[PDB]
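Peer 1:
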Amino acid sequence: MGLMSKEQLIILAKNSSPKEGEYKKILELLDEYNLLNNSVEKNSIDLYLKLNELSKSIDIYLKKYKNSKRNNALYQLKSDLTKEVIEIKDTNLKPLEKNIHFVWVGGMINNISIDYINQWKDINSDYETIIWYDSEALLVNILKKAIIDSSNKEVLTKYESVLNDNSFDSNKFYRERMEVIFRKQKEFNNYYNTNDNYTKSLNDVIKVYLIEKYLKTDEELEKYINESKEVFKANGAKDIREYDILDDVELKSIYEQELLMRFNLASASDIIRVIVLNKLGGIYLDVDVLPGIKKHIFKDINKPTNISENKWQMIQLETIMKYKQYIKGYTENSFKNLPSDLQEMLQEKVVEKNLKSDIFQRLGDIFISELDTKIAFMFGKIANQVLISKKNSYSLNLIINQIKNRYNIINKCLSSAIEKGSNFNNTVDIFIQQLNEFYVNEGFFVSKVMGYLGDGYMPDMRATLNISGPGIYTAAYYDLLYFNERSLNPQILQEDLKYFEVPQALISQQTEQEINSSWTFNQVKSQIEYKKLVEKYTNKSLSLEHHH
Numbered sequence: 126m127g128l129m130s131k132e133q134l135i136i137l138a139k140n141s142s143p144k145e146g147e148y149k150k151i152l153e154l155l156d157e158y159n160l161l162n163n164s165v166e167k168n169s170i171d172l173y174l175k176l177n178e179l180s181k182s183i184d185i186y187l188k189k190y191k192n193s194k195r196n197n198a199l200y201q202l203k204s205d206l207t208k209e210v211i212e213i214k215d216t217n218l219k220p221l222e223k224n225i226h227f228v229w230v231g232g233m234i235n236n237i238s239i240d241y242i243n244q245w246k247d248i249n250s251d252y253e254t255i256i257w258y259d260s261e262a263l264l265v266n267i268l269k270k271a272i273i274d275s276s277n278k279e280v281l282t283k284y285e286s287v288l289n290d291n292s293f294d295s296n297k298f299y300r301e302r303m304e305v306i307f308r309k310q311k312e313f314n315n316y317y318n319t320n321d322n323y324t325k326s327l328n329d330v331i332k333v334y335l336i337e338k339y340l341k342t343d344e345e346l347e348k349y350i351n352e353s354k355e356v357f358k359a360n361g362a363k364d365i366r367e368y369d370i371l372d373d374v375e376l377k378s379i380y381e382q383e384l385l386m387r388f389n390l391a392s393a394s395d396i397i398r399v400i401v402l403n404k405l406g407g408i409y410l411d412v413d414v415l416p417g418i419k420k421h422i423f424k425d426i427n428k429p430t431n432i433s434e435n436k437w438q439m440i441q442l443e444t445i446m447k448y449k450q451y452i453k454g455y456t457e458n459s460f461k462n463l464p465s466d467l468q469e470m471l472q473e474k475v476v477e478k479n480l481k482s483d484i485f486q487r488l489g490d491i492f493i494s495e496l497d498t499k500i501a502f503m504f505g506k507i508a509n510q511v512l513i514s515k516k517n518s519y520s521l522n523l524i525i526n527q528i529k530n531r532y533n534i535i536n537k538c539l540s541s542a543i544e545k546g547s548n549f550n551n552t553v554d555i556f557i558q559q560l561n562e563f564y565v566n567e568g569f570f571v572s573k574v575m576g577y578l579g580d581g582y583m584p585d586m587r588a589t590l591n592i593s594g595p596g597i598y599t600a601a602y603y604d605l606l607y608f609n610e611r612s613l614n615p616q617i618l619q620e621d622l623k624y625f626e627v628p629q630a631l632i633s634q635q636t637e638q639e640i641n642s643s644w645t646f647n648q649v650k651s652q653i654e655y656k657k658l659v660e661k662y663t664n665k666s667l668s669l670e671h672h673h
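To convert, note that position 431 of the sequence shown is 556 in our numbering; the numbers rise steadily by one, no gaps.
(1) CA-CA distance, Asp580 and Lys270?
(2) Measuring straight from C-alpha to C-alpha, what distance separates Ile397 and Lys144?
(3) Which first and last residues belong to the alpha helix (DSSP H) in which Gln472 is found?
(4) Leaving out five residues before and five after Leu160 in sequence, what residues of the same chain have Cβ atoms less than 8 Å from its Cβ?
(5) Figure out for me which residue from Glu345, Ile513, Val565, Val210 has the closest Cα to the Cα of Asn168.
(6) Comparing alpha-carbon positions, which option in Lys150, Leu268, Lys661 lies nearest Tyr349?
(7) Quick check: the segment 386-404 against the segment 541-559, are at least 3 beta-carbon pairs closer than 8 Å?
(8) Taking the beta strand (DSSP E) that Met503 belongs to, which residues open and close that run?
(9) Residue ranges of each beta strand (DSSP E) run of no fewer than 3 residues wholly in the segment 209-233, ordered along the chain?
(10) Would the beta-carbon of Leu667 fall within 9 Å of that of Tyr655?
(11) Under 7 Å Cβ to Cβ from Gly406, same chain only, skipping five residues before and after it: list those, please.
(12) Enumerated in chain order, which unbroken segments of the beta strand (DSSP E) with a length of 3 residues or greater are wholly contained in the segment 404-438?
(13) Consult DSSP for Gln450 and reduce its assignment to one of helix, strand or coil.
(14) Taking its Cβ as the centre, do 16 or more other Cβ atoms sit within 10 Å of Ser326, making it buried, or is it exposed?
(15) Please say whether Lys419 and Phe485 have beta carbons closer to each other than 9 Å?
(16) Rounded to a whole number of angstroms, what is the C-alpha to C-alpha distance between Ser260 and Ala198?
(17) Exposed or buried, which one is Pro464 when buried takes at least 16 other CB atoms within 10 Å?
(18) Which of the three DSSP states, helix, strand or coil, is assigned to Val287?
(19) Could you spell out the range, first to last residue, of the beta strand (DSSP E) harbouring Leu512?
(20) Does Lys377 come out as helix, strand or coil in the three-state DSSP assignment?
(21) Taking the alpha helix (DSSP H) that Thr552 falls in, what are its first and last residues?
(22) Nearest-angstrom Cα distance between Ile534 and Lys474?
(23) Going by C-alpha distance, which of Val401, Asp585, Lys447, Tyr316 is nearest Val330?
(24) Would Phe502 pass as a contact of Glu626 if the rule is Cβ separation under 9 Å?
(25) Can you tell me which of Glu304, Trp257, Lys665 puts its alpha carbon nearest to the alpha carbon of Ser276?
(26) How about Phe563 and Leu613: are their beta carbons less than 9 Å apart?
(27) Is the separation between the beta-carbon of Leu590 and that of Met575 shorter than 9 Å?
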């Protein structure tokens, strides 16, 4: 079923007055949509654009004749347009390109990640599995760590005689450290643009800079580079510098601003995964996501009442790995603490299965609309750890426009702030000032991006989420469902988002590497990390008690 017919709307909206010109436009647009929906081609994108026309046509009538008796039928039709978008998205399916995309930029990929990736390769021989990396950025993590470690040492040496004084605390440490980090980020980019270094190979530039200013040896860095490239080539990885991934001059600059001025590798990967999925299609996966476990394996075992569903999945993965050894070295700590009769029931359900494909669910043939882009949910929230989309999808285009618009705003106020700012703290203050003065309409957005310059270095700042992360996907889905562009304050409910969910049957998210990497740089973890930093870099040790 689709939209109401034109004669159906005529009967619902009839009154004694003649048809207004704006009403006739709605009616002919409705006719055009319904004729479009009954054709051989039925192209999802062409149908969506016609709905967008219809939506703008209803808004024109509703604002010109705000008391018309037709408005009740017309508002109903307007509501139906959003429901119709969902129906097109889920019935005009085309086969998904059989690509599995992983992204690892900034350094060497971990060997356990290769093990996880290989589980996906084995189960989906009909898919091409690609590990995307950046051959020019293999030293970025080393540079970032060198910048952070020298800023730790610099601050802790400057305040060593006051670390146990009353005024100095962990929050003062991170504020003073952020000034040093900002300065050092500034130092590198000055070197990056000195003479002709901006046209030399980025990897060579970073290597020389690390030798020159951070006491690295050419031998040890060359070894890291070549050994990482060896792992990548041994697993059929693809360099983004060689497959025209960085075609878009705007997106390339955004990628490299995250890569080289914020050293925010999570954000840099947020960019690349969107670019490769839009260019080639398929499914993107974080390297710590494993295939889904088939529903019927453990169905007859009762989950203990206290144990969460996420911990139940951990136990299932641990059971599989303990008795099938698909990934060697997988933890069994959760399994070991279970009562022995539950261990024995879990073990039996695994040992009775013969094939790895009998336990894990293969991707198989996936059908999806050109309008769609699916996203994983974790704890009821959308997370871009898994994405599914055809190439050049309509929703990926909306997501790309969200990135470009958001970085346009951020960079316009960051450049203003850097010009007017004398240090890190007043640069941030001017940044926030400029954001509020010129985006008075968007206070929800300004609140989410305030801490851009401190993200990853300061406790309780994660602006990235609403610039390159899941926050832009919420906005893009609102753009699609309610016929808007580049919206910064979406009004979309938890129900509308779940029409975009990656089927849970396809993924196991509660893996050992996922849980290890899952963290939150909040106040308490910052205080723990600061406490260890003091003992590492000085001979003092943090008091537990405050002296009166």
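Heads up, the beta-carbon is just placed ideally off N, CA and C, and yes, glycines get one too.
Peer 2: Taking the coordinates as given:
(1) Those two C-alpha atoms are separated by around 15 Å.
(2) Whole-angstrom Cα-Cα distance: 51 Å.
(3) Per DSSP, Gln472 is one residue of the alpha helix (DSSP H) stretching across 465-476.
(4) So no residue of the chain qualifies.
(5) Ranking the options by Cα distance to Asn168, first place goes to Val210.
(6) Residue nearest to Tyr349 within the set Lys150, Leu268, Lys661 is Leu268 (criterion: CA-CA distance).
(7) In the pairwise beta carbon analysis, the segment 541-559 is classified as not touching the segment 386-404: fewer than three pairs are separated by under 8 Å.
(8) 499-503 is the extent of the beta strand (DSSP E) around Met503.
(9) Counting only runs of 3 or more, we get 224-228.
(10) For the pair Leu667 and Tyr655, the CB atoms are nearer than the 9 Å cut-off.
(11) Within the same chain, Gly406 has close Cβ partners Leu221, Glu222, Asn224, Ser514, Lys515, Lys516.
(12) For the segment 404-438, whole beta strand (DSSP E) runs of length 3 or above, ordered along the chain, are 407-410.
(13) DSSP places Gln450 in coil when its eight states are reduced to three.
(14) Here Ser326 is exposed: its Cβ has fewer than 16 other Cβ atoms, across all protein chains shown, within 10 Å.
(15) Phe485 is a Cβ neighbour of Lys419, given a cutoff of 9 Å.
(16) The straight-line gap from Cα to Cα measures roughly 58 Å.
(17) Under a 10 Å Cβ-count criterion, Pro464 is classified as exposed, with fewer than 16 other Cβ atoms of the shown protein chains found around its own Cβ.
(18) Coil, per DSSP.
(19) For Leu512, the uninterrupted beta strand (DSSP E) run begins and ends at 506-514, by DSSP.
(20) The three-state secondary structure of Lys377, taken from DSSP, is helix.
(21) 549-563 is the extent of the alpha helix (DSSP H) around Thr552.
(22) Each residue's alpha carbon lies about 54 Å from the other.
(23) Here the closest residue by C-alpha is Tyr316.
(24) In this structure, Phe502 lies near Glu626, with their beta-carbon atoms less than 9 Å apart.
(25) For the set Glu304, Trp257, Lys665, the Cα lying nearest the Cα of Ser276 is the one of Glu304.
(26) No, the Cβ-Cβ distance between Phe563 and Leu613 is not below 9 Å.
(27) Result no, Cβ atoms of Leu590 and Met575 do not sit closer than 9 Å.
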